[PDB]
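As a starting point, one isolated chain is supplied in structure tokens, in the form deposited in one PDB entry.
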């Protein structure tokens, strides 16, 4: 039994938001507004990333609705609200039995003046596998039409060919394209020169050569240290003219100091979560970041009293999600050794428990680090982090070392995600694959070296629409066709649950 969640007591101020500028003057004017803003701007990750990291993405539309309008009116200073993409699309269907499209429509109505930001995985939009180009373009068209205003487009290997088409589609739909560099490694560690400052500079130059409106720096594992953050942001600001959007996780406890370091260097936007859903593997707290910068040269653009009022509601509704809580959470600097993103951390822990190795999770994480080194020190983020996690699980579960796969390897049946990674299905890693180990991994199957979307089976939306209309009881909308293409079986199971249980999204949590 729970009391009603506390409702915020706001002090409303009418301002013109970035969403209003986008609606009236387009993406370039929004870019100018961000460029002309002296304060650092904030993107609230509460609706997507905060509960993806802390609550296994299980946060429901019903709890979102009770506070969405309060966020829209009480925090008009926000650059945007990250409310879509990531694991939310799949999790909604699969586990919450609510449509991500329905969530987007309801929030869009409730939040007219808030810019809606989505995490978009480049060639595999919200999936884990590459889709043909027209599928990606159609997804982007529907997402922009239904109210996504900002597309943070990233590729799990920082491979620009996998991002170009999505960036172009976002621009063609009159929305804001965020081209993302995934940060990994340590630019201040000379012993690790692969992802050095020059690598990021060149990548940022290439991304700016695209039409991307904003350059995002995505630190999926909270690897960006404060001095590293200041240096990287400074070098990027000297290399390109796009506004910078930094996104970090607080898993090592250094999120606030990293954000302040980037703010000194001139970052434009930083990703924050509400205090009650912040810290740990989630983003740094928005209230905390306000007080960190309060009397410095640059302030955080936010109504902190209103944010503290909103946080009471978020604190109350988090209690509904006790079964999905991770547990005791402390700052964890081991993330600097094993570069596992939080989602990869929890999923790997769960899989090790199901496998029956939870007592050896320490050497599981060591295997993760060594597997990453064996694959060639790859950027570990969805879905590339799944590859490393699966390989490490496989190598501990059958007691393999590096030499075991390098000499005995030709006999083992490596997990399919490792195989798919080494066939080039995820794209091309920086510096290419390790040729010998690639030969061991893919014994005989075909290996591609170009954009996997080129080799994607063609999809025609008319036949898919007719077939879906047969499979479900009615004529599907464009969003439903796009969902069926991305997650075929998941969408059908969701339709089955809709026919059998109805809109359970209306139930209170």
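Numbering follows the first chain given and starts at 1. In this text, rigid core is short for the largest set of C-alphas that superpose within 1.5 Å between two forms.
Note that the form deposited in another entry isn't included here; everything after this is about it.
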{"property": "Flagged residue of 238, 202, 411, 294 - C-alpha shift reaching 2 Å or more between the shown form and the other one, core superposed", "result": "411"}
{"property": "Did residue 275 shift 2 Å or more between the shown form and the other one, C-alpha, core superposed", "result": "no"}
{"property": "Core-superposed C-alpha of residue 358 shifting 2 Å or more between the shown form and the other one", "result": "yes"}
{"property": "Core superposition between the shown form and the other one, C-alpha change of residue 345 at least 2 Å", "result": "yes"}
